[PDB]
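Just the one chain here, laid out as structure tokens, in the form deposited in one PDB entry.
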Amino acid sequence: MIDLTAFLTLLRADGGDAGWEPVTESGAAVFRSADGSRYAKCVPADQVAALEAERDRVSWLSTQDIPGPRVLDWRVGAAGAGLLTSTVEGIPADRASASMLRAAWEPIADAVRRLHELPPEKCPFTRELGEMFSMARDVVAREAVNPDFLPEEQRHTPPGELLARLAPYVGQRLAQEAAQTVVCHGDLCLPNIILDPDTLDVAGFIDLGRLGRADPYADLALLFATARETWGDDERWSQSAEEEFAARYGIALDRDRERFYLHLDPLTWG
């Protein structure tokens, strides 16, 4: 159960009459102010370090010339913590029509490239494969994988078996990551890219709690898979979309490497 009352106590503490309401997981909850201008993410006591980690990522990114939220407040008590941030105004890219996403496609490549050009050795944060693979081992050990996050064809397969398909390739993928590390967003699905509703450029990134060094495919795999849902029955475009993104961003496609991250990601949540 989501600790609604404890979380709303934190959010109400300043007396602003902000009309905080939940909008949307493992005890964490996201709230929005009535005017739409502020968001809050709250977590129970045992998740505070992960939320503090997110706070730090948002605040650091605000110094990096990459568009994203600002931290407005950080609140803690016995029942957990709340992270209050500014809204990144615009339309989440998963809500874009296919033609809108197409209008934003090169702008997204360019905005992601800029993020991925931050010098990775200067980033305070990591989401490298050894950490992520260790997180998946833990989720799988806890039998906590949500099969709805898996690719359709995997949803009826024991997650320990899915993990075991990836385990032999950790070394190879670590070598690729070492050779081509970037500062990844860390959860680069379409919902986390906000588009300007008039220009269809990128307004900013949200949900930065996994930001850090990683192979760029940790991001590109999720972006491409979630955009494939938008391209739908348009087979001519769905067959070309990724090649053109890659050409604009400046990377060679590597489908095995992409698929590895596509398949790892769902095992890491929960």
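Rigid core here is just the name for the largest C-alpha set that superposes within 1.5 Å across the two forms. Residues that one form lacks are left out of the comparison. Residue numbers run from 1 along the displayed sequence.
As for the form solved in complex with a small molecule, it is not shown, yet the points below apply to it.
Residue contact check for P151: one or more of its heavy atoms lie within 4.5 Å of the small molecule in the bound PDB entry. In the bound PDB entry, none of the heavy atoms of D3 sits within 4.5 Å of a heavy atom of the small molecule. Looking at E244, you'd find every heavy atom of it more than 4.5 angstroms from the small molecule in the bound PDB entry.
Under a 4.5 angstroms non-hydrogen atom cutoff, the small molecule in the bound PDB entry lacks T230 among its neighbouring residues. Proximity to the small molecule in the bound PDB entry, taken as heavy atoms within 4.5 Å, picks out 217 to 225 from the listed stretches 217 to 225, 59 to 67, 44 to 52, 232 to 240. No residue of the trio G130, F133 and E258 has any heavy atom within 4.5 Å of the small molecule in the bound PDB entry. Only one of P191, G160, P197, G77 lies close to the small molecule in the bound PDB entry, with a heavy atom inside 4.5 Å, and it is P191. A heavy atom within 4.5 Å of the small molecule in the bound PDB entry is found for exactly one of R155, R165, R114, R137: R155.
Candidate set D35, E235, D46, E243; criterion, C-alpha shift of 2 Å or more between the shown form and the other one after rigid-core fit; matching residue, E235. Comparing the shared residues between the shown form and the other one on a common core, the single stretch of 3 or more consecutive C-alphas each displaced by at least 2 Å is 233 to 236.
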